[PDB]
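Working notes, beginning with the structure itself.
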Amino acid sequence: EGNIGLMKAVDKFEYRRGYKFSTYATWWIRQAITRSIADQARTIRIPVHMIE
DNA sequence: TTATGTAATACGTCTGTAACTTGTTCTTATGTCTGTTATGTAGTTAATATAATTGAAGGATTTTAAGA
């Protein structure tokens, strides 16, 4: 899931902004891990809003 | 003997009950449409950070494939 996060982060990276890649990629990989663990870690799915 | 007149008696029968049936009329339960709110889904965030992880343990014998 974090790997998918990297692919999506690379697809929309901007180096005009001058920040390093790790800072932007960490956020997207965080989102990947959290969304996947909210959607697929239970036998009975609990919607994302109820997860938060 | 025979007309006459009462009387038993059997059969129509006029009327009172009841069954079959429909009109229609009113009431209600249901199916459906529509409007509103809550639920469910999805996208994004920009100091930097760059090889897990947690145990677990006094077994005793057989048979059968790999390695040499």
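Atoms considered below: every heavy atom in the structure, side chains included; atoms not considered: hydrogens, waters and symmetry mates. Order of the sequence lines sets the chain letters (A, B, ...), proteins ahead of strands, with each chain counted from 1.
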If you pin A/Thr26 and A/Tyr19 to their nearest nucleotides in DNA chain B, which one's is more 5'? A/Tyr19
Co-membership, hydrophobic cluster, residues A/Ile46 and A/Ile37, 4.5 Å side-chain: no
With syn defined as a glycosidic angle within 90 degrees of 0 and anti as anything else, the base of B/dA38 is anti
Atom-pair distance (CD1 on A/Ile33; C1' on B/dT45), nearest Å: 16 Å
Just N and O in the side chain of A/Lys20: are any of them under 4.0 Å from OP1 or OP2 of B/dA49? yes
Inter-residue atom distance A/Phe21.CZ - A/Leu6.CG, 0.5 Å rounding: 5.5 Å
Rounded to the nearest 0.5 Å, what separates atom CZ in A/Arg35 from atom CD1 in A/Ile51? 11.0 Å
In whole angstrom, give the distance that lies between atom CZ of A/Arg30 and atom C1' of B/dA46. 14 Å
Would you mind telling me which of B/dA46, B/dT50, B/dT44 lies closest to the side-chain atoms of A/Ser22? B/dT50
Ignoring the backbone of A/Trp28, work out which of B/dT39, B/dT45, B/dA46 is nearest its side chain. B/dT45
Does A/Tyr24 form a side chain to side chain contact (heavy atoms under 4.5 Å, CB included) with A/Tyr19? I'd like the steps, not just the answer. CA-CA 8 Å; A/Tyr24 193 45; A/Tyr19 309 99; over 6 Å; no
Counting only side-chain heavy atoms from C-beta out, which of B/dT45, B/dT48, B/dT41 sits nearest to A/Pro47? B/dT41
Sort out for me which residue in A/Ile33, A/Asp39, A/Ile29 forms a side-chain contact (heavy atoms from CB on, under 4.5 Å) with A/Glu1. A/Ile33
Distance in angstrom units between A/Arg35 CZ and B/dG40 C1', rounded: 11 Å
Rounded to the nearest angstrom, tell me the gap between atom OH in A/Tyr24 and atom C1' in B/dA49. 17 Å
CZ of A/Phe21 versus P of B/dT50: gap in Å, rounded? 15 Å
Between B/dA65 and B/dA66, is the six-membered ring centre distance under 5.5 Å and the plane-to-plane angle under 30°? yes
Paired stretches of DNA chain B - 3 or more consecutive Watson-Crick or G-U pairs, each distance under 3.5 Å: none
Between P of B/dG43 and NE2 of A/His49, the distance in whole Å: 18 Å
N-glycosidic conformation, B/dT44 - syn within 90 degrees of 0, else anti: anti
Could you tell me the separation between the CE atom of A/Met50 and the CD atom of A/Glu52, rounded to the nearest 0.5 Å? 10.0 Å
Measure the distance from CG on A/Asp39 to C1' on B/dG43 and round it to the nearest whole Å. 14 Å
Would you compute the distance between atom NZ of A/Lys12 and atom CE of A/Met7 and round it to the nearest 0.5 angstrom? 11.0 Å
Determine, using the 4.5 Å side-chain heavy-atom cutoff (strictly less than), whether A/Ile4 and A/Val10 are members of one ILVMFWY cluster. no
Indicate, with a heavy-atom threshold strictly under 4.0 Å, whether A/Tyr15 touches base, sugar-phosphate, or nothing. nothing
Which nucleotide in B/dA46, B/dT45, B/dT39 has an atom nearest any side-chain atom of A/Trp27: B/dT45
Conformer about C1'-N of B/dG58 - syn within 90° of 0, anti elsewhere: syn
Going by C1'-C2'-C3'-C4', which side is B/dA47 on: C3'-endo/north or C2'-endo/south? north
Rounded interatomic separation in angstrom, taking CD1 from A/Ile51 and P from B/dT41: 12 Å
For the side chain of A/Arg45 and the base of B/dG40, is some donor closer than 3.5 Å to an acceptor across the two? no
Toward the 5' end of DNA chain B, by each residue's nearest nucleotide, A/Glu14 or A/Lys8: A/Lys8
